[PDB]
Protein chains: 2
Amino acid sequence: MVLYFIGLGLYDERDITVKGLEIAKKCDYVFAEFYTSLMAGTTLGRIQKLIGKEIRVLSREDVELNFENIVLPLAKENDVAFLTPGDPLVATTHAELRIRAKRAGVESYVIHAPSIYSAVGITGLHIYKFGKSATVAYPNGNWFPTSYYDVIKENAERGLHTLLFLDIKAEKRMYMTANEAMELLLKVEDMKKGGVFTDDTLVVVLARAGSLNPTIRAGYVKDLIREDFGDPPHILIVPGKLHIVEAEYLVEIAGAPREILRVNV
Amino acid sequence: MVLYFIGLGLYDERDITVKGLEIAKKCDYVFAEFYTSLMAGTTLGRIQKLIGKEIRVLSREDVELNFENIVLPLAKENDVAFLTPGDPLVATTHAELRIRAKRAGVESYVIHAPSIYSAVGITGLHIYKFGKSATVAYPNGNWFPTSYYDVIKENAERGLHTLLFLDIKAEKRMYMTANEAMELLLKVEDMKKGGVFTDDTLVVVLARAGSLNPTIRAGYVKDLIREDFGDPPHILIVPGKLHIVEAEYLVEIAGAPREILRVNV
Ligand SMILES: Nc1ncnc2c1ncn2[C@@H]1O[C@H](CSCC[C@H](N)C(=O)O)[C@@H](O)[C@H]1O
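Residues numbered from 1 in each chain as written, not as in the entry; some residues may be left out. Chains lettered and ligands numbered in written order. Heavy atoms only, no water.

For this coordinate set, the PDB header names X-ray crystallography as the determination method and states a resolution of 1.90 Å.

Participant: Explain the sheet that holds strand β7 (residues 162-166) of chain B to me, please; I cannot follow it from the model alone.
Facilitator: Paired through their backbone hydrogen bonds, the strands of a sheet run either parallel or antiparallel. All names here are of chain B. The sheet built from 5 strands is open, its strands ordered β6-β7-β12-β10-β11 with mixed pairing. What marks the edges here is a single partner per strand, and that holds for β6 (134-136) and β11 (215-220). Averaged over all pairs of adjacent strands, the angle between strand axes in this sheet comes to 25°, irrespective of strand direction. (Pairing = 2+ DSSP bridges. Helix = DSSP H or I, 4+ residues; strand = E, 2+ residues; numbered from the N terminus. Axes fitted to C-alpha atoms, helices over the stretch in contact; angles between N-to-C directions.)

Participant: Can you walk me through the domain arrangement of chain A in this structure?
Facilitator: All names here are of chain A. Split into domains, chain A comes out as domain 1 (1-114) and domain 2 (115-265). A separation of 29 Å is found between the C-alpha centroids of domain 1 and domain 2. Opposite the 12 residues of domain 1 that make contact, domain 2 presents 13 residues. Summing both partners gives a buried area of about 940 Å² for domain 1 against domain 2, and 70% of it is carried by carbon and sulfur. Area buried by domain 1 at its contact with domain 2 is led by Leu10, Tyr11 and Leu38, which between them contribute 60% of it. Scanning the region where domain 1 abuts domain 2 turns up 1 residue pair in polar contact. (Domains from an automatic or database assignment. Contact = heavy atoms within 4.5 Å. Buried area = accessible area lost by both parts, 1.4 Å probe. Polar contact = N/O pair within 3.5 Å; in protein donor to acceptor, adjacent residues only side chain to side chain.)

Participant: What exactly am I supposed to notice about the nonpolar core here?
Facilitator: General note: in soluble globular proteins, nonpolar side chains tend to be found buried as a group. By size, the foremost hydrophobic cluster in this structure holds 97 residues, and its most contacted members are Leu3 of chain A together with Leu3 and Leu250 of chain B. The residues contacting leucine 250 of chain B, other than those within four sequence positions of it, are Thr123, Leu125, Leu202, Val204, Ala218, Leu242, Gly255, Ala256 and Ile260 of chain B. With 27 residues, the next largest nonpolar core counts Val136, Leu164, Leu185 and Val238 of chain B among its residues. (Core = buried A, V, L, I, M, F, W, Y, C linked by side-chain atoms within 4.5 Å. Buried < 20%, exposed > 50% of the residue type's maximum accessible area, 1.4 Å probe, protein only.)

Participant: Even after reading the chapter, I still don't get the relation of the copies chain A and chain B, so can you show me in this structure?
Facilitator: Put simply, the second copy of the chain is the first one after a rotation about an axis and a shift along it. When chain A is fitted to chain B, the best match, at an RMSD of 0.9 Å, comes from turning it 180° and sliding it 0.0 Å along the axis. The transformation relating the two chain copies, once decomposed into turn and shift, fits a two-fold axis. Comparing interface residues between copies, 90% of those in chain A also lie at the interface in chain B; the contact surface is shared. (Least-squares fit on C-alpha atoms.)

Participant: When you look at the pattern of salt bridges in this model, what are you seeing that I'm missing?
Facilitator: Charged atoms that come close allow side chains of opposite charge to pair. The full count for this structure, using the stated rule, is 28 salt bridges over all chains. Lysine 19 of chain B is paired through a salt bridge with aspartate 15 of chain A; the nearest N and O atoms lie 2.8 Å apart. Taken together, the residues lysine 19 of chain B in helix α1 (residues 18-25) and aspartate 15 of chain A in the loop between β1 (2-7) and α1 (18-26) connect one chain to another. Residues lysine 19 of chain B and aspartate 15 of chain A agree in their burial class; the two are buried. A salt bridge links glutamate 54 of chain B to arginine 56 of chain B, with the shortest nitrogen-to-oxygen separation between them at 3.5 Å. Taking the relative accessible area as the measure of exposure, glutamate 54 of chain B reaches 54% and is therefore exposed. Taken together, the shared-partner salt bridges in this structure form one network comprising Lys153, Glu154, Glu157 and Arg158 of chain A. (Salt bridge = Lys/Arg side-chain N within 4 Å of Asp/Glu carboxyl O.)

Put into structure tokens, the structure is as follows:
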């Protein structure tokens, strides 16, 4: 009669909360989805071993089309867990699943875990200064999406930072790198000429957040566009005007050039 | 020797990540602060029992003025942990403490935990649609803060949601309720008259996120301003223009008036 939405956190199998782990262990059935994002620092086997339960992985279609036929039936007469990378319900499509549960007469509870949305605090950038978020999508065929560029423009002109989630080919475990994202933005700039993203733009790259050794780097595009930030996942941030305290953290912790203390504050 | 900043999460001691618990358990000295937020579902005793170590609680003054004299000295020859509610670097000024650590020759690491900043996803509002955030601060004497009102205006103008962290006075055990926040906003509205926050404004209240049964309510200020949302902590959200699915969740899950289902595109 109960469905638990449990977040797995940022990077590896230990990023789940003690609460989520203990509840997961007592559930009769455990499902999981790895299409909204991936857990790059672990494997399904390591997660299974930690929880001590078989993990039934579900595809985007299984969830979007058949959640009520695959998960809810069992949740009706058993305690069921639905694991998701990060924090449950951050992914836009997750919330609606709680309505399906209600419609099926199934109780649902949410067990939170760290999300990249809040983990970016490790960049030294003030969380309240982040504006609207966006996703940099790979251009495909005759389709070249560019809305993420406008998001940066609108946030930056208000002195706000822009968090850019990078595209992922979940089914192929292929992550877009911050380098590729920078190349794409420079390409959109050349097409829109809004003076939003150029070689002189200050950016921040956060790689493998959650890991004990994430890569945190800040600098101008011209210098970071070909830098190696390590293994995925990568997150790209285009900060707005900085508070001196943010700038000093970027210089001391993220290796930003001293120049940002006078150009971007 | 090392210094770990470890988040304890949203509500109780089990909101810490498995990673954070594993590391905290093996540290030589454990410090913590409980003035940046309120964990309504636990006690110092239960947290101490979980990590198996005595926890030295520090006041805001101990931290801001003497972190380098109380904590860092030990981190030079021992493994030290510094615990905080939620995520240690979200809506706090703790990031600056990493700079103090560096200058003291002490390496520091960050272990994330569930944060209210991302937990708001449980309200059904799309996380990417949240704009700049703000804090509703208790007026002090003749000084009446109002910057948060302008933030709401700026976000709403762009169709974005506004997350409003509510004030806290730990040493005085004062935790601002959503009701008090609403009263303050109505007063600012009478003073500025921007039509930003009135009795007809739709708002969302999230109380005690992290617990299994948090209070999630949506409705007009006129109706919720005197409603009992339970014990603190509380957070208030002023949604921008709603997507149809957001409206559906607010009605089905947060008990919002069915009339909001009719979005004015
Ligand atoms: N469990 C919870 N439920 C509702 N609001 C919460 C909350 N935890 C924190 N807040 C809100 O945030 C304020 C503290 S701001 C510090 C937040 C913390 N670093 C984090 O990551 O969550 C509180 O006064 C309250 O308004």
